[PDB]
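Take a look at the structure set out below.
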Amino acid sequence: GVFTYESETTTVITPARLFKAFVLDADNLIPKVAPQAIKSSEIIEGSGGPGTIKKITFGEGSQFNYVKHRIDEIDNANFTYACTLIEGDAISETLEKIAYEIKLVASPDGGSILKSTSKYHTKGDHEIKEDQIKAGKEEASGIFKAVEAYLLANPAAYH
């Protein structure tokens with residue numbers, strides 16, 4: 001019973017800001033500016049690409065609900081990157097793992113477009129409760145939207 005939810009972060013900032021800053025500086029951004037998604041985004045190793053793992057502790061999950069994500073796939077050619085649950089305890093039970101896949105598209109606004117489509121993989125016929133499904137949507141919501149604004153409101157900040 002695979003579920004599919006998605007969101008789109010249309011950023012006025014250039015794709016570079018997303019492919020580099022949004023992704024690589026995530027551990028400085030999300031835990032601080034996006035606490036409504038992830039209270040602790042602890043990157044273990046990786047330069048923002050193949051093998052880049054990070055242990056993700058959700059604050060809404062009250063620290064008990066946590067799961068190690070990884071850059072499961074990344075394409076420098078057309079600018080695409082995906083995330084997977086590798087370790088931790090959020091899904092567990094009889095389920096598999098929820099996936100993320102962010103496509104970098106150029107916006108007609110001169111900015112960019114983060115097409116974050118998540119794929120909630122069920123282990124057989126065992127479905128995932130909407131609680132964790134919401135974590136997938138909201139993870140992308142708090143992260144993307146909160147770094148989005150942090151980034152948009154940093155060159156001038158508060159003037």
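All residue names refer to the structure tokens as shown: chains lettered A, B, ... in order, residues numbered from 1 in each chain, ligands numbered from 1 in order.
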
With only C-alpha atoms as the counted atoms, please give the residues lying no more than 10 Å from residue A:40, apart from itself and same-chain residues fewer than 4 positions off, as a PyMOL selection string.
chain A and resi 27-28+30-32+34-35+54-59+63+66

Write out as a PDB file with C-alpha atoms, in the first residue's frame the set of residues from chain A that DSSP, computed on the backbone, places in alpha helix (DSSP H).
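Listing of part_30.pdb after writing:
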ATOM      1  CA  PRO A  15      19.070  26.529  -8.008  1.00  0.00           C
ATOM      2  CA  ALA A  16      22.656  26.801  -6.722  1.00  0.00           C
ATOM      3  CA  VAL A  23      21.449  20.653   1.051  1.00  0.00           C
ATOM      4  CA  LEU A  24      24.969  20.987   2.475  1.00  0.00           C
ATOM      5  CA  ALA A  26      21.274  21.622   6.333  1.00  0.00           C
ATOM      6  CA  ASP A  27      22.768  20.777   9.738  1.00  0.00           C
ATOM      7  CA  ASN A  28      23.317  24.474  10.468  1.00  0.00           C
ATOM      8  CA  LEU A  29      19.930  25.472   9.117  1.00  0.00           C
ATOM      9  CA  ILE A  30      17.171  22.947   9.900  1.00  0.00           C
ATOM     10  CA  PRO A  31      17.984  22.229  13.625  1.00  0.00           C
ATOM     11  CA  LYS A  32      17.996  25.978  14.254  1.00  0.00           C
ATOM     12  CA  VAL A  33      15.694  27.605  11.687  1.00  0.00           C
ATOM     13  CA  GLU A 130      -0.731   8.577   8.649  1.00  0.00           C
ATOM     14  CA  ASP A 131       1.289   9.828  11.627  1.00  0.00           C
ATOM     15  CA  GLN A 132       4.579   8.970   9.916  1.00  0.00           C
ATOM     16  CA  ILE A 133       3.188   9.900   6.517  1.00  0.00           C
ATOM     17  CA  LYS A 134       2.560  13.355   7.974  1.00  0.00           C
ATOM     18  CA  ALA A 135       6.178  13.352   9.159  1.00  0.00           C
ATOM     19  CA  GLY A 136       7.222  12.975   5.546  1.00  0.00           C
ATOM     20  CA  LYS A 137       5.091  15.852   4.328  1.00  0.00           C
ATOM     21  CA  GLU A 138       5.836  18.042   7.341  1.00  0.00           C
ATOM     22  CA  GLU A 139       9.541  17.188   7.252  1.00  0.00           C
ATOM     23  CA  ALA A 140       9.621  18.659   3.761  1.00  0.00           C
ATOM     24  CA  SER A 141       7.324  21.462   4.917  1.00  0.00           C
ATOM     25  CA  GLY A 142       9.349  22.747   7.869  1.00  0.00           C
ATOM     26  CA  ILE A 143      12.748  22.157   6.300  1.00  0.00           C
ATOM     27  CA  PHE A 144      12.078  23.665   2.903  1.00  0.00           C
ATOM     28  CA  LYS A 145       9.861  26.541   3.961  1.00  0.00           C
ATOM     29  CA  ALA A 146      11.946  27.506   6.985  1.00  0.00           C
ATOM     30  CA  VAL A 147      15.297  27.468   5.209  1.00  0.00           C
ATOM     31  CA  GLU A 148      13.576  29.104   2.239  1.00  0.00           C
ATOM     32  CA  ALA A 149      12.699  32.135   4.318  1.00  0.00           C
ATOM     33  CA  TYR A 150      15.960  32.055   6.287  1.00  0.00           C
ATOM     34  CA  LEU A 151      17.735  32.276   2.939  1.00  0.00           C
ATOM     35  CA  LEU A 152      15.404  34.874   1.435  1.00  0.00           C
TER      36      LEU A 152
END

Members of stretch 9-101 of chain A assigned strand (DSSP E or B) by DSSP, as a PyMOL selection string:
chain A and resi 9-11+40-45+53-57+66-75+80-89+97-101

Can I get the selection written as an mmCIF file, in the first residue's frame, with N, CA and C atoms?
data_model
loop_
_atom_site.group_PDB
_atom_site.id
_atom_site.type_symbol
_atom_site.label_atom_id
_atom_site.label_comp_id
_atom_site.auth_asym_id
_atom_site.auth_seq_id
_atom_site.Cartn_x
_atom_site.Cartn_y
_atom_site.Cartn_z
ATOM 1 N N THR A 9 8.637 23.528 -3.432
ATOM 2 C CA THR A 9 9.239 24.752 -2.920
ATOM 3 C C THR A 9 9.777 25.595 -4.069
ATOM 4 N N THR A 10 8.991 26.581 -4.480
ATOM 5 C CA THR A 10 9.407 27.498 -5.524
ATOM 6 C C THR A 10 10.168 28.655 -4.902
ATOM 7 N N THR A 11 11.463 28.660 -5.122
ATOM 8 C CA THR A 11 12.355 29.568 -4.436
ATOM 9 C C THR A 11 12.797 30.692 -5.371
ATOM 10 N N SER A 40 16.932 17.985 15.600
ATOM 11 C CA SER A 40 18.349 17.720 15.453
ATOM 12 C C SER A 40 18.621 17.044 14.114
ATOM 13 N N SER A 41 19.391 17.721 13.274
ATOM 14 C CA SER A 41 19.767 17.198 11.971
ATOM 15 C C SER A 41 21.262 16.946 11.960
ATOM 16 N N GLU A 42 21.644 15.800 12.480
ATOM 17 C CA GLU A 42 23.039 15.508 12.731
ATOM 18 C C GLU A 42 23.671 14.732 11.587
ATOM 19 N N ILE A 43 24.274 15.464 10.659
ATOM 20 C CA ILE A 43 25.014 14.850 9.570
ATOM 21 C C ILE A 43 26.254 14.158 10.124
ATOM 22 N N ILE A 44 26.429 12.905 9.752
ATOM 23 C CA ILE A 44 27.522 12.105 10.272
ATOM 24 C C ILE A 44 28.737 12.206 9.361
ATOM 25 N N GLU A 45 28.498 12.114 8.062
ATOM 26 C CA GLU A 45 29.558 12.218 7.073
ATOM 27 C C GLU A 45 28.966 12.467 5.694
ATOM 28 N N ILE A 53 25.164 10.736 4.981
ATOM 29 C CA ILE A 53 24.209 10.249 5.962
ATOM 30 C C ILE A 53 24.014 11.251 7.081
ATOM 31 N N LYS A 54 22.835 11.231 7.674
ATOM 32 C CA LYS A 54 22.536 12.114 8.781
ATOM 33 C C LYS A 54 21.462 11.511 9.677
ATOM 34 N N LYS A 55 21.652 11.606 10.986
ATOM 35 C CA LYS A 55 20.650 11.116 11.915
ATOM 36 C C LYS A 55 19.659 12.222 12.244
ATOM 37 N N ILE A 56 18.402 11.953 11.940
ATOM 38 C CA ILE A 56 17.358 12.955 12.031
ATOM 39 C C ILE A 56 16.457 12.708 13.232
ATOM 40 N N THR A 57 16.443 13.660 14.148
ATOM 41 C CA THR A 57 15.598 13.582 15.324
ATOM 42 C C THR A 57 14.499 14.645 15.263
ATOM 43 N N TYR A 66 12.800 9.109 15.679
ATOM 44 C CA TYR A 66 13.967 9.579 14.948
ATOM 45 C C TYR A 66 14.354 8.555 13.894
ATOM 46 N N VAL A 67 15.044 8.992 12.856
ATOM 47 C CA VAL A 67 15.424 8.089 11.785
ATOM 48 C C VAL A 67 16.576 8.663 10.955
ATOM 49 N N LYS A 68 17.590 7.837 10.719
ATOM 50 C CA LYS A 68 18.740 8.246 9.929
ATOM 51 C C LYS A 68 18.385 8.280 8.453
ATOM 52 N N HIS A 69 18.556 9.452 7.858
ATOM 53 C CA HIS A 69 18.333 9.659 6.432
ATOM 54 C C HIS A 69 19.674 9.638 5.706
ATOM 55 N N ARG A 70 19.620 9.554 4.391
ATOM 56 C CA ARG A 70 20.819 9.505 3.568
ATOM 57 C C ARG A 70 20.508 10.069 2.195
ATOM 58 N N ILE A 71 21.494 10.689 1.559
ATOM 59 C CA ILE A 71 21.361 11.060 0.158
ATOM 60 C C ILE A 71 21.426 9.783 -0.668
ATOM 61 N N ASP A 72 20.265 9.195 -0.903
ATOM 62 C CA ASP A 72 20.175 7.869 -1.500
ATOM 63 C C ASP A 72 20.593 7.900 -2.958
ATOM 64 N N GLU A 73 20.332 9.022 -3.595
ATOM 65 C CA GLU A 73 20.661 9.208 -4.991
ATOM 66 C C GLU A 73 20.851 10.686 -5.265
ATOM 67 N N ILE A 74 21.803 11.016 -6.115
ATOM 68 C CA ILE A 74 22.036 12.398 -6.476
ATOM 69 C C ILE A 74 22.572 12.495 -7.900
ATOM 70 N N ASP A 75 21.922 13.320 -8.697
ATOM 71 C CA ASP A 75 22.316 13.522 -10.079
ATOM 72 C C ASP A 75 22.775 14.955 -10.285
ATOM 73 N N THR A 80 19.329 16.572 -9.224
ATOM 74 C CA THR A 80 18.294 15.836 -8.512
ATOM 75 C C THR A 80 18.924 15.123 -7.315
ATOM 76 N N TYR A 81 18.218 15.043 -6.196
ATOM 77 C CA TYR A 81 18.733 14.323 -5.035
ATOM 78 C C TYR A 81 17.597 13.694 -4.238
ATOM 79 N N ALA A 82 17.863 12.524 -3.681
ATOM 80 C CA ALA A 82 16.853 11.769 -2.957
ATOM 81 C C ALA A 82 17.323 11.429 -1.546
ATOM 82 N N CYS A 83 16.372 11.152 -0.664
ATOM 83 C CA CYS A 83 16.681 10.776 0.708
ATOM 84 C C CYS A 83 15.932 9.510 1.109
ATOM 85 N N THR A 84 16.576 8.707 1.942
ATOM 86 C CA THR A 84 16.053 7.414 2.359
ATOM 87 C C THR A 84 16.208 7.239 3.865
ATOM 88 N N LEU A 85 15.381 6.387 4.454
ATOM 89 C CA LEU A 85 15.570 5.985 5.840
ATOM 90 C C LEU A 85 16.523 4.795 5.895
ATOM 91 N N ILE A 86 17.702 4.992 6.466
ATOM 92 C CA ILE A 86 18.676 3.912 6.559
ATOM 93 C C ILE A 86 18.668 3.268 7.941
ATOM 94 N N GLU A 87 18.543 4.080 8.987
ATOM 95 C CA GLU A 87 18.575 3.555 10.355
ATOM 96 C C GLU A 87 17.610 4.316 11.244
ATOM 97 N N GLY A 88 17.599 3.985 12.526
ATOM 98 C CA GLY A 88 16.773 4.708 13.469
ATOM 99 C C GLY A 88 15.509 3.964 13.829
ATOM 100 N N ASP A 89 14.571 4.671 14.436
ATOM 101 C CA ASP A 89 13.322 4.074 14.872
ATOM 102 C C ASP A 89 12.189 5.078 14.742
ATOM 103 N N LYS A 97 9.990 1.922 4.773
ATOM 104 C CA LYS A 97 10.613 3.233 4.899
ATOM 105 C C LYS A 97 9.992 4.224 3.928
ATOM 106 N N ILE A 98 10.024 5.493 4.296
ATOM 107 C CA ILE A 98 9.499 6.545 3.447
ATOM 108 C C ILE A 98 10.650 7.243 2.731
ATOM 109 N N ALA A 99 10.454 7.528 1.459
ATOM 110 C CA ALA A 99 11.509 8.082 0.629
ATOM 111 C C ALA A 99 11.207 9.514 0.236
ATOM 112 N N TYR A 100 12.250 10.262 -0.081
ATOM 113 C CA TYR A 100 12.106 11.618 -0.592
ATOM 114 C C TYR A 100 12.904 11.746 -1.880
ATOM 115 N N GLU A 101 12.430 12.562 -2.808
ATOM 116 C CA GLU A 101 13.133 12.771 -4.063
ATOM 117 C C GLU A 101 12.887 14.188 -4.543
#

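Of the listed residues (A:125, A:65, A:21, A:49), A:65 comes nearest to residue A:37; the distances count only C-alpha atoms.
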
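For the atom pair formed by atom CA of residue A:129 and atom CA of residue A:60, the distance is 15.8 Å, given to one decimal.
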
Counting only C-alpha atoms, the residue of A:62, A:122, A:154, A:52 that sits nearest residue A:95
A:122

Rank nothing, just name the residue among A:159, A:153, A:96, A:114 nearest to residue A:3, using only C-alpha atoms.
A:96

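Here the question is which of A:76, A:36, A:94, A:107 gets nearest to residue A:127 using only C-alpha atoms, and that residue is A:94.
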
Go through A:91, A:104, A:128, A:2 one by one, measure the shortest atom-to-atom distance of each to residue A:20 using only C-alpha atoms, and give the residue with the smallest value.
A:104

What does the structure give for the distance between atom CA of residue A:155 and atom CA of residue A:110, in Å to one decimal?
17.3 Å
